[PDB]
Amino acid sequence: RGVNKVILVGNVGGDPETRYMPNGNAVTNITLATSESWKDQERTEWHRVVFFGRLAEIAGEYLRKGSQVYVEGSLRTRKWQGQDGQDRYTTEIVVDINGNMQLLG
Amino acid sequence: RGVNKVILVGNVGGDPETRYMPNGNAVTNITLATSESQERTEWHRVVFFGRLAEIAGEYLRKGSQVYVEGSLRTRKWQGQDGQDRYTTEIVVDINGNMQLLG
Amino acid sequence: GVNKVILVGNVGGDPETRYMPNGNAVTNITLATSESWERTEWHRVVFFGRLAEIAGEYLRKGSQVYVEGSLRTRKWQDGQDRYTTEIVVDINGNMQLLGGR
Amino acid sequence: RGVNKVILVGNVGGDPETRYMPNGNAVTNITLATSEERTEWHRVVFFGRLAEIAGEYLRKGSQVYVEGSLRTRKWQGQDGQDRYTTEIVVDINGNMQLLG
């Protein structure tokens, strides 16, 4: 009914973590930094990006710490009970068949 | 260094909450629902600043369909028990955009 | 690279739908977007495939729509070269009629 | 009223063309190739501070991210016939990021 779109150009924070489901489909997790400048100063936003499927395979193979990457996906907030029993929330950028990723540079 | 862009089309969840900061500028909070076809619904925490904050408080109501262009910002806060909490908000200020649709 | 156009605007007239030899549908509209600082930009939108049938069937003059696509500058011919930059909305794009409960 | 937004990532085709004008406004012109191998050529025009930055930092072959708005301008050719040129305008509402 609506539109849920995120566009990021940033730098991969760590070694991408790739995983596989029983069926063989790939899931790759990264953090992606984007930052702003300032004077009279730097604010960095750390985004949790999850790729699915083909893009997960490309991401897991070619991305490295410091990779500059374009990502188009959608926002998803996952709900989970912490070990102390209270609700927590995690907002991720989901990059699947409806999204896009381009390796830059 | 880099691009941080969110584009939403969705429906306001409730009447906007407008407040003001010591320096007088306006801050308006809303929740925005976006849904995809079975049906799944994402709830977004949207925060308007400055001029778009006044407009949003002025014209948005619990039903309104709205276009929002902003940036993601995960802010950290502390709960009742001194435990860390994080909330990722879509921040809409001079570099963003909001359009009431209809 | 990346080639992405995002429009919210009003359908300028009733869609034109045609069919290509292989039978696939192509629907042309014009989409008005404007800003006040007064100026209206008239976008040439071309839908392909499933969205073309949907667009021709359900969009009308004055419909408010969201469109996501890519820029394509098309060459045609007077004998002199002409060019039209179109927003191409096929399987990689998105179209949503706005409004609703 | 509506929304008019274009997001491109591509390579600058030629060396940017920058000119300054009386009011302090600068204008930079480039062509930008995106390919998906079919290549699409985009006319991109920067205004203001981004035109200054584009002229300083972009060169032929630079990879760049560009966010702007579509603008079609009308002109009469030297044969007297109407022609149209669609450009991506990158001004204060837009954005540019040199990549690589």
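Annotations for the structure displayed:
- For the segment A:65-74, counting C-beta atoms of other chains within 10 Å of every residue's C-beta and taking the mean gives 3.
- Unit charges on C-beta of K, R, D, E only; dipole of segment B:3-50, Debye: 200
- Computed magnitude of the charge dipole of the protein assembly as shown (debye, nearest 20; Cβ of K, R +1, Cβ of D, E -1): 180
- Separation between Cα centres of segment D:59-100 and segment C:6-71, rounded to whole Å: 22
- Summing Cβ point charges (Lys, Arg +1; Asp, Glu -1) relative to the Cα centre of chain C gives a dipole of roughly 120 debye.
- Farthest toward positive dipole pole in segment B:1-72 [+1 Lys/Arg, -1 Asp/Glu at C-beta], among B:48, B:32, B:66: B:48
- The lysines whose alpha-carbon is closer than 23 Å to the alpha-carbon of residue A:65, local same-chain residues fewer than 8 away aside, are B:5.
- Spin-label zone in segment C:82-101 - amide nitrogen under 15 Å from a point set 7 Å from the Cα of residue A:96 along the C-beta vector: none
- Cα-based radius of gyration of chain B once divided by 2.2 N^0.38 Å, which approximates compact folds: 1.11
- Averaged over the residues of D:11-17, the number of partner chain Cβ atoms lying within 10 Å of the residue Cβ comes to 0.
- Using the rule -39500 (n - 2.57) for each DSSP H run of four or more residues, divided by the residues of the protein assembly as shown, the 222 nm mean residue ellipticity is -2500 deg cm²/dmol.
- Largest to smallest principal axis extent of the C-alpha atoms in the protein assembly as shown, angstrom: 78, 54, 49
Where a number appears in this text, it was derived from the coordinates with a stated rule and is not lab data. Ideal geometry is used to build each Cβ from the backbone, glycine not excepted, and the neighbour counts take in all protein chains shown.
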